[PDB]
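Novice: Take a look at this one; I'll ask things after.
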Amino acid sequence: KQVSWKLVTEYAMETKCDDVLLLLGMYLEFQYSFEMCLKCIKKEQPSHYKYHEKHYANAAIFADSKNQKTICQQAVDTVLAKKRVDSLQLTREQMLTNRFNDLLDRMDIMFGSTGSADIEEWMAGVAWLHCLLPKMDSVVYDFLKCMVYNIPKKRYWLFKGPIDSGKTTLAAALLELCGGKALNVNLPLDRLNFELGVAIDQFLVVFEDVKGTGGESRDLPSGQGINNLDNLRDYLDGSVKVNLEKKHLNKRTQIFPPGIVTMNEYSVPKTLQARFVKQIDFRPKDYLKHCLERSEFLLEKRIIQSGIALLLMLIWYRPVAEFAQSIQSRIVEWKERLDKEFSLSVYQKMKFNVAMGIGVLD
Amino acid sequence: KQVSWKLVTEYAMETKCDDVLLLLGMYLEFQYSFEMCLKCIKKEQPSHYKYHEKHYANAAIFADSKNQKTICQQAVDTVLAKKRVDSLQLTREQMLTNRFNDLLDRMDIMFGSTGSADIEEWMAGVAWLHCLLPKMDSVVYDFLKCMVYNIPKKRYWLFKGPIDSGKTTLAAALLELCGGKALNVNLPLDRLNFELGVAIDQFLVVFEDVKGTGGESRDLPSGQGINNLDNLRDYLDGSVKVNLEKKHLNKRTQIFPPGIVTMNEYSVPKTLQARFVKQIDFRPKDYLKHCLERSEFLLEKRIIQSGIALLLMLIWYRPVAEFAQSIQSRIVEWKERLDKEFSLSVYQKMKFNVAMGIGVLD
Amino acid sequence: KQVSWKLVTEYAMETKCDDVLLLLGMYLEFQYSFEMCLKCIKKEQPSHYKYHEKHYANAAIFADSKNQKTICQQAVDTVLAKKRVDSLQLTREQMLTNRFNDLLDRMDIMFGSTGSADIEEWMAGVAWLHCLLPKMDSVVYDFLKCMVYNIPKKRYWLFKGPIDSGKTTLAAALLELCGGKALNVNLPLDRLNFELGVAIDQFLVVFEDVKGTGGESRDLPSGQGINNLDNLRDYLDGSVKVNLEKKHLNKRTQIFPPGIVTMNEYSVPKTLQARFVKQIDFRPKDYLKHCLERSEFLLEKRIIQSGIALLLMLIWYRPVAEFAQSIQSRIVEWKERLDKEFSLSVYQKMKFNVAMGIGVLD
Amino acid sequence: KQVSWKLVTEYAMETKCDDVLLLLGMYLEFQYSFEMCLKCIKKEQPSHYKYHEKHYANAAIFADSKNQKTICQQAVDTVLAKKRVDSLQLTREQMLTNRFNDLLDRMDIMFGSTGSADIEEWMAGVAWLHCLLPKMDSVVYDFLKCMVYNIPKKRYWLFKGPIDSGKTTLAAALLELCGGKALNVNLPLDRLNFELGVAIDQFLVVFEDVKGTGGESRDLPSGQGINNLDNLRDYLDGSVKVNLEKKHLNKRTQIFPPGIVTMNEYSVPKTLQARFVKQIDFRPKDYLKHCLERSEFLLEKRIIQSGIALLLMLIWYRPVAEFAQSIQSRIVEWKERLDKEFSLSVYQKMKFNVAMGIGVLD
Amino acid sequence: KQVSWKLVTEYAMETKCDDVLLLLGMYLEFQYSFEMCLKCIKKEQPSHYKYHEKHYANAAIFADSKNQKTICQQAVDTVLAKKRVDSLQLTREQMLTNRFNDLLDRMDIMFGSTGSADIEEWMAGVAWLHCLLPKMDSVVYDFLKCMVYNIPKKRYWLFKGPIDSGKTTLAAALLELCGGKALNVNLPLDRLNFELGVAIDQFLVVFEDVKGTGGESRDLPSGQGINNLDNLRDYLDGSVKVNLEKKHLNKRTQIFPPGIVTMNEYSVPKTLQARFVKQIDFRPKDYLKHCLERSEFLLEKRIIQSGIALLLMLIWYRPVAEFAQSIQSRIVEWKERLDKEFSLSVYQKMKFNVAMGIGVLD
DNA sequence: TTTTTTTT
Ligand SMILES: Nc1ncnc2c1ncn2[C@@H]1O[C@H](COP(=O)(O)OP(=O)(O)OP(=O)(O)O)[C@@H](O)[C@H]1O
Ligand SMILES: Nc1ncnc2c1ncn2[C@@H]1O[C@H](COP(=O)(O)OP(=O)(O)OP(=O)(O)O)[C@@H](O)[C@H]1O
Ligand SMILES: Nc1ncnc2c1ncn2[C@@H]1O[C@H](COP(=O)(O)OP(=O)(O)OP(=O)(O)O)[C@@H](O)[C@H]1O
Ligand SMILES: Nc1ncnc2c1ncn2[C@@H]1O[C@H](COP(=O)(O)OP(=O)(O)OP(=O)(O)O)[C@@H](O)[C@H]1O
Ligand SMILES: Nc1ncnc2c1ncn2[C@@H]1O[C@H](COP(=O)(O)OP(=O)(O)OP(=O)(O)O)[C@@H](O)[C@H]1O
């Protein structure tokens, strides 16, 4: 005859929600009967229909409470506490294990009985992506190994090119894949003091196509970032600890995470060059767009920005044993359906419709 | 007995109120008898007279409680929470369809028994507005589609032309028809990052005054607008989610909305030009001013500015199937109602007067 | 026994008070017996002596309470809430009608039994100010109409002229009449952003001595205001709902009020001038100064710059039907009073003394 | 039947937790059945499996409670209170003796049944560090006693050597062993004071990379460092208290702690030279870079940066009497353990392997 | 039973503790039995062992409070309130008498039977300082009287002479004796406004090492602070009250405190020279330098820095009558104690050794 | 937390 605060907490755990208003807004829906709830009937959203019928009576009494935001705040605190625990006890390999499970859990629905997606679209996706550079699957598996291990110095690859050279949209799917974020390294000095606080608890950090002053001799806007890598001595090795701030109040001490440098094709000297111990580059190879613009759903669905395509790329082109061991059955359970549905010729079809700039579908 | 907090929550939901002071003011009105209420007799506000009798009982107890702003805070939090659920979960088309239901429910009132305006004059508004630029109902439908599918790069159009060319009059009606928001461009980014924060969930946003180059002949300056938009070279398209600031609440990393930029005439970099998947050209038509000069209620009652007038245009022009798929019974009902009083000959009699710069009314 | 919170709230409505400290200070005074209250017996302040005897009974029990500031806080919210509902729902005619009722209430008090100033003196002010310009009375009415209708791009009047042309003297009386506020755009361009925020929910605004540049050719200092108004163009014509700022607060979004600009004879780009309705150029005249010299009681009582003096003039110069229907009864009452109080020989003697540069009384 | 706040307070004390979320999260884990607990079974995290049983019943009741965060804030404040009492009351020698127990605890975990570490690899790092400077153990012992006594003027050590000559490494190891912080002083002269706000209540500081001037004749980029130090004699002499700029807060007043200075081979004023107790020169050596080049696990596991290696070195070389009388017991235990785990030939060969520049292990 | 908040407030008063965490931490220690308390047994900390037995019974119940930080805040605010009362009422003479009573209590502990110090080593310091300036004891007594009478214009003292002439040593001893703060006026003109806020409610201030202009002709590095002191006239003169500010606070108005100024041999404008009462020249004395190294326990223990040392000099040299009346009783007992410990021959032997340049103890 | 501070 009172609200059970624990049931709300369990719902917050099961959803892994951490926004007090989202939690409140969704949980109130359960006060009407699940039996008539159009959302329950039409199978619209997992985070509703999976739970409505369970939480129903408590949601009704919840709708009569007077403390509603208070309950919700404690629930949000539970999930933030859980995250804080995990972020300090575990190591990067378990983190990755879980993060992949999450993506796989999603694919398990998207292409599942909802019919809400056909994976073939993403197959055309991976086919485009694979042609970005040789064995992109292997380039990624190698990058994964690196920034899992977070070994000293071996912590920063690079992407070069001119502008409009894919290195941003590539980084997007990798930032997605990791839970990383990026740097406006060109900022002015006191802004530059406190951009850095983004790095708090981040898996990776990325340099946003850093700019050389006088690069306008190459029509490159002559921003500050490459000079600023002079001051940024040690963060790329990450072998001494630092403090961090977002201005005035948001502060903590940590090691500076690894990640990826990128630049447009300014010059770079040894003192800065070696700081990103590894390098790669890409450039516009317009037929690839000619496929996309004849495969437009790839971009309408921004698939070439999404990390789930990278996971799918890795799934087919990585041997099942290469994975973390515990999950590896799920890898088989997906490998099965790629084995079922695709000949490697049909994989190649897409990759070379791509390589022609021809629309993959035919 | 006691104040039902639930009943207040309902009234806030019903009204979709989200300012705590407005809500408190509204609810306290009901504490007198609805039986005698002048505002009810006057039929002055729907948000009052529809509800006064229903809530009178609970308003009586509400008036005595020593805790009133706590009730109203929780109610306002409920409405904010509702908006946040939808922010994530709705299709863009459903969002737009809700916006239309709201507008149509006002047109019920204005042109209803309240007599508070006459759609005669608003359809003269349609006549005036349809004279602005060709096929205007059709051009609007193209903009709506581009915004609903929200496809990469296919996200922004530019309005360009001299002063008193209505480019902003049009932009204003489009913001209303969506519920969009507006932004400046002529600042250093540091503060403007917070102004951009207004976008933190908006279907549509608009920028004005590129402050482009050239212009010294046109009586126009160059400055930070054109400096800034090209500097964040993708951000307007927003291929990638990016962090965004609001006071007290978290900084939000999200896709930036689609919409419009408008300018008096300057050069446009081909880079920036390529983000504008359309540009549309505006000019004076002094006879339209003369029609307005002979049709001044078109500005006094702000009809020429209203998204309502664009919605009216789309009603009396577009075929019923082009709409969203649930609401079409509304669309049919208004199309029928219109020619209970209009004939296309009289609708052209307005277009007649308009094109001559003659006053619409006879 | 117990404090009645509603009786406190009624007094805040009755007084239209909205500072917590002012409200608290007022109500505490009711604790002593009105039966002896020296303020009552001297009839000093109406907001006291009108109410003391009613509120005394509740004030005694309030005087003991431990909650006091919270009782006051809820009341101040109730008044601020009433203002928001009103500002969102009344027409500008009704708002202005309310303003006149408040001013007329003060006038009844001033010339009541306390009688603390003489109507003879205030009419010298009326004579003095109708003297200041041709058809002064009618120009005032024309401004009020414009503020009431708030016709877009017909929203601002320019007062231009040297120092001691009286433009602030006129503008101050206009501002007291409509209850606007004053702003200073002669600022660093960012400071405008908080500064212009004071217009939130105001009826009218004035900008003071908006500086151009190069005016030292005619001994004027040079400055920013004009160029800042060029930046502010959107706010001026009242096209669309811009938004406004406060410390520790989210923005509020609305049309920006109509208003006055005062200026020395800088140059103006007609691009800007074209956006006024109308202008008045102010031209100093000797006899006014001699008149004031011998009429010192005018300035000490601040008469010539008070909106009370303007209201008196309209009661004199205008026909009854020009005012709104509700107040016309009070208008008739005030016209009736004046006609007992004066003869045109008296008022003509005043204007003759003013023309003759005498002290106004003889 | 009710939550014991005292039991949470014990846990917070025993685990020395000072983050309310870390505390909240881990305590919540205890609600699930201890008898089955996989974390306990896998003996994974000491802070769990040592405690889960004792706290279980109270943790279950805590899971219901409506007030969880308040309990945790009280608990955390109790821990912070302990740090303040200890900070103000202990001798420097006791503070060090605490840090030793804290690290020895962690070693008992690592090389215990948890098996998370291999003591042989850790002994390999000790040899490489020991070869970095002659008589390294006695150098380190001298340094520690110097910090413990903190005899004024006799307070600072100077590390000179070319880049990639290890001076950053050794500083980092020392700083981890003692818990100080580090400072940049190539800043311009003003905000040095805000920088020095860092030092408040720290045990050590390190001045990294102090730029001289004219060193650019040897490509050493010139800057503010040296001449900033030549001001600061009083801070370095440690003779009397100084004041430090915390941002947003008042200055606070204390003895400025001892520390380490590092540089490439800039020239130094005699005035500054005289403040150091002792200079250590560092030089790059081929066999070391070659040995590191082979012995990858050292760097992957960041062995040579970590203070655990220094403690192992002290234990391996130095008599029990040299350690604080209390913890000598743990020293004796660790001596016996290490002796059993390493016959001298093992260590001697490993050190000889370092000398060859081959991998340390054969 | 329930917590006595009164007993906490008494403890906070008697320890004069005004840090909430320190108060909390100290009180918590008492919760264990005083009978066995090792801190009591070893008499390590007076604020514990004097109090543990008294407060024990309440410490237990406090340890069960769910309200602990509130009890502490109320107690701590009682300590803060008493200081505001005192500063706004006490005579400067009584302030000094309080300050001596505090110092005399430390000396009772410090040379107490458990104390670490010995009176002989400290008296060696007194002999050395009496050599530092002719008539040293009288100079101190003159300075103290001047601070107590605080006579306008007749307020400020100048210490002048080359680096390593002991002026900071003497200043620090004086500053401990009286209480006060350092300040640094070498800043640029604006930040001074916060610097000077440090003076708020202080008894003394000391201006560190003000730098002049052109002294590099004598190697003296130039700076702003001399010219700033030109423009601090009313602060120095103390004739009228002034306004002071901190961060994040509104200005505070008071008489600016008296104090000391320290500098190298820059030339002083005759104007500023006129504001000082007294100039004292400090010059190097190599025979002190030779002595000091032979007497290093003075530096090691910071004896020559301390107000404690000065008070021994005063107690030695000056008549009992000269001290403030109440503490004369305590003072007599210290003179008696000192006379027991040293015959004048001991003192003579020491002081002779200093003058010889010989270790102060033969 | 933002605003003032911090910064420039
Ligand atoms: N290999 C490629 N084939 C086809 N198009 C490409 C290729 N590389 C880049 N492009 C074009 O570049 C566009 C933008 O790429 P991206 O956002 O990654 O740029 P970027 O190199 O990171 O640029 P910037 O340095 O300016 O931020 C893509 O949408 C695509 O049109
Ligand atoms: N196509 C048009 N032909 C003639 N007059 C027009 C036209 N469109 C707008 N007007 C006139 O322009 C006046 C101002 O319109 P509006 O503010 O929309 O102009 P704008 O050119 O879009 O402005 P801005 O310079 O701010 O971009 C209207 O009141 C109307 O009289
Ligand atoms: N038209 C006038 N002719 C002569 N004297 C005037 C006139 N108007 C005002 N005065 C005198 O000048 C004084 C100042 O008037 P007011 O401040 O309104 O003038 P202003 O032109 O608006 O000045 P400013 O630009 O300095 O604000 C009045 O108090 C009165 O004494
Ligand atoms: N004595 C040495 N001989 C050769 N290589 C060395 C030596 N000491 C360190 N190294 C290499 O130099 C790298 C960096 O070491 P470290 O940062 O301690 O040097 P540093 O002289 O302080 O450098 P810097 O002044 O550039 O920061 C080490 O990780 C190791 O690879
Ligand atoms: N009269 C003196 N003659 C020689 N050496 C002295 C003398 N007085 C002090 N010293 C030495 O100078 C050291 C520093 O003393 P102190 O800080 O008081 O000097 P200072 O001249 O006031 O310095 P600063 O101006 O740098 O603050 C002392 O510890 C002592 O070793």
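In the structure tokens, chains take the letters A, B, ... in the order shown, each chain's residues start at 1, and ligands count up from 1 in the order shown.
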For the full set of C-alpha atoms taken in order, report to one decimal the RMSD after fitting chain C onto chain B.

Specialist: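 The root-mean-square deviation of C-alpha positions is 1.0 Å.
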
Novice: Ligand 5: which residues are within 8 Å, counting only C-alpha atoms (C1' of nucleotides) and all ligand atoms, as an NGL selection string?

Specialist: (:D and (233-234 or 239)) or (:E and (132 or 161-171 or 208-209 or 262-264 or 282-289 or 292 or 299))

Novice: For the residues selected in the previous step, produce a file with N, CA and C atoms as a short mmCIF file (atom, residue, chain, number, x, y, z; two decimals), in the first residue's frame.

Specialist:
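Final output, result-v3.cif:
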```
data_model
loop_
_atom_site.label_atom_id
_atom_site.label_comp_id
_atom_site.auth_asym_id
_atom_site.auth_seq_id
_atom_site.Cartn_x
_atom_site.Cartn_y
_atom_site.Cartn_z
N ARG D 233 63.36 31.76 -4.20
CA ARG D 233 64.26 31.21 -3.18
C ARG D 233 63.58 30.84 -1.87
N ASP D 234 62.68 31.69 -1.37
CA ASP D 234 62.06 31.45 -0.08
C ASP D 234 61.29 30.13 -0.04
N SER D 239 62.42 27.79 4.68
CA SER D 239 62.70 28.31 6.01
C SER D 239 61.43 28.85 6.66
N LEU E 132 71.69 40.72 15.97
CA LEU E 132 71.33 41.11 14.61
C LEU E 132 71.17 42.62 14.47
N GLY E 161 67.84 46.62 2.90
CA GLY E 161 69.22 46.18 2.76
C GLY E 161 69.43 44.91 1.95
N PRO E 162 70.68 44.65 1.56
CA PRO E 162 70.97 43.60 0.57
C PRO E 162 70.48 42.22 0.96
N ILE E 163 70.34 41.36 -0.06
CA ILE E 163 69.83 40.01 0.15
C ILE E 163 70.70 39.23 1.12
N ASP E 164 70.06 38.38 1.92
CA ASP E 164 70.68 37.75 3.08
C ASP E 164 71.23 38.81 4.03
N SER E 165 70.32 39.65 4.52
CA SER E 165 70.57 40.45 5.71
C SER E 165 69.49 40.23 6.78
N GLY E 166 68.75 39.13 6.71
CA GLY E 166 67.98 38.69 7.84
C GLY E 166 66.64 39.36 8.00
N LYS E 167 66.31 40.32 7.15
CA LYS E 167 65.08 41.08 7.34
C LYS E 167 63.86 40.18 7.29
N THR E 168 63.82 39.22 6.37
CA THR E 168 62.71 38.28 6.37
C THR E 168 62.68 37.46 7.65
N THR E 169 63.84 37.04 8.15
CA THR E 169 63.89 36.31 9.40
C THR E 169 63.23 37.09 10.52
N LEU E 170 63.57 38.37 10.64
CA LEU E 170 62.99 39.19 11.69
C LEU E 170 61.51 39.44 11.44
N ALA E 171 61.14 39.73 10.20
CA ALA E 171 59.74 39.93 9.88
C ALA E 171 58.90 38.72 10.25
N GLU E 208 56.07 42.02 1.26
CA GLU E 208 57.30 41.38 0.83
C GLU E 208 57.99 42.12 -0.30
N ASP E 209 59.26 42.40 -0.08
CA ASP E 209 60.25 42.54 -1.13
C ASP E 209 59.75 43.32 -2.34
N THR E 262 59.47 45.65 3.30
CA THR E 262 60.79 45.04 3.15
C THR E 262 61.29 45.24 1.73
N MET E 263 62.54 45.67 1.57
CA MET E 263 63.03 45.91 0.21
C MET E 263 64.55 45.84 0.13
N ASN E 264 65.02 45.59 -1.08
CA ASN E 264 66.40 45.81 -1.47
C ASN E 264 66.64 47.31 -1.70
N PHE E 282 69.43 46.88 7.31
CA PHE E 282 69.98 45.56 7.58
C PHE E 282 71.24 45.42 6.73
N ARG E 283 72.32 44.93 7.32
CA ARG E 283 73.53 44.67 6.55
C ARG E 283 74.15 43.33 6.91
N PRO E 284 74.77 42.65 5.94
CA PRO E 284 75.41 41.36 6.23
C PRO E 284 76.51 41.47 7.27
N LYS E 285 76.71 40.37 7.99
CA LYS E 285 77.74 40.25 9.02
C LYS E 285 78.33 38.84 8.95
N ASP E 286 79.46 38.70 8.26
CA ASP E 286 80.03 37.38 8.02
C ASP E 286 80.28 36.59 9.30
N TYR E 287 80.59 37.26 10.41
CA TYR E 287 80.78 36.53 11.66
C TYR E 287 79.51 35.83 12.14
N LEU E 288 78.33 36.37 11.84
CA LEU E 288 77.12 35.58 12.04
C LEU E 288 77.11 34.36 11.14
N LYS E 289 77.50 34.54 9.88
CA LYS E 289 77.46 33.45 8.92
C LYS E 289 78.36 32.30 9.36
N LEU E 292 76.68 30.56 12.26
CA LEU E 292 75.41 29.88 12.06
C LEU E 292 75.61 28.43 11.63
N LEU E 299 68.75 26.50 12.69
CA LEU E 299 68.02 26.43 11.43
C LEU E 299 67.15 25.19 11.37
#
```

Novice: Per residue of chain F within 12 Å of chain B, what are the shortest atom pair and its distance in Å to one decimal, counting only C-alpha atoms (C1' of nucleotides), with rows by chain and residue number, as JSON lines?

Specialist:
```
{"residue": "F:1", "atom": "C1'", "partner": "B:248", "partner_atom": "CA", "distance": 5.6}
{"residue": "F:2", "atom": "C1'", "partner": "B:247", "partner_atom": "CA", "distance": 7.6}
{"residue": "F:3", "atom": "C1'", "partner": "B:247", "partner_atom": "CA", "distance": 11.6}
```

Novice: Using only C-alpha atoms (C1' of nucleotides), please write the residues we just selected to a file, as a PDB file, in the first residue's frame.

Specialist:
```pdb
ATOM      1  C1'  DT F   1      26.010  25.447 -10.691  1.00  0.00           C
ATOM      2  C1'  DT F   2      26.667  29.733 -12.537  1.00  0.00           C
ATOM      3  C1'  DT F   3      28.619  33.787 -11.880  1.00  0.00           C
TER       4       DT F   3
END
```

Novice: What does the structure give for the distance between CA of residue 176 in chain D and CA of residue 101 in chain D, in Å to one decimal?

Specialist: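 Pair CA of residue 176 in chain D / CA of residue 101 in chain D returns 14.2 Å.
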
Novice: Using only C-alpha atoms, determine which residues of chain A fall within 10 Å of chain B; present them as a PyMOL selection string.

Specialist: chain A and resi 19-26+28-29+44-45+63-69+163-164+168-169+171-173+175-176+181-182+187-188+191+198+221+296-297+299-302+304-306

Novice: What are the DSSP alpha helix (DSSP H) residues of range 104-246 of chain B, as a PyMOL selection string?

Specialist: chain B and resi 104-110+119-130+136-149+167-178+189-196+224-231

Novice: Fewer than 6 positions away in the same chain doesn't count, so skip those; otherwise give me all residues within 12 Å of residue 104 in chain B, counting only C-alpha atoms (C1' of nucleotides), as a list in words.

Specialist: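 These residues fall inside the cut-off: residues 97, 98, 110, 111, 112, 177, 307, 308, 309, 311, 312, 315, 327, 328, 329, 330, 331, 333 and 334 of chain B.
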
Novice: If I take CA of residue 119 in chain D and CA of residue 335 in chain D, how far is one from the other in Å, to one decimal?

Specialist: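 Pair CA of residue 119 in chain D / CA of residue 335 in chain D returns 13.0 Å.
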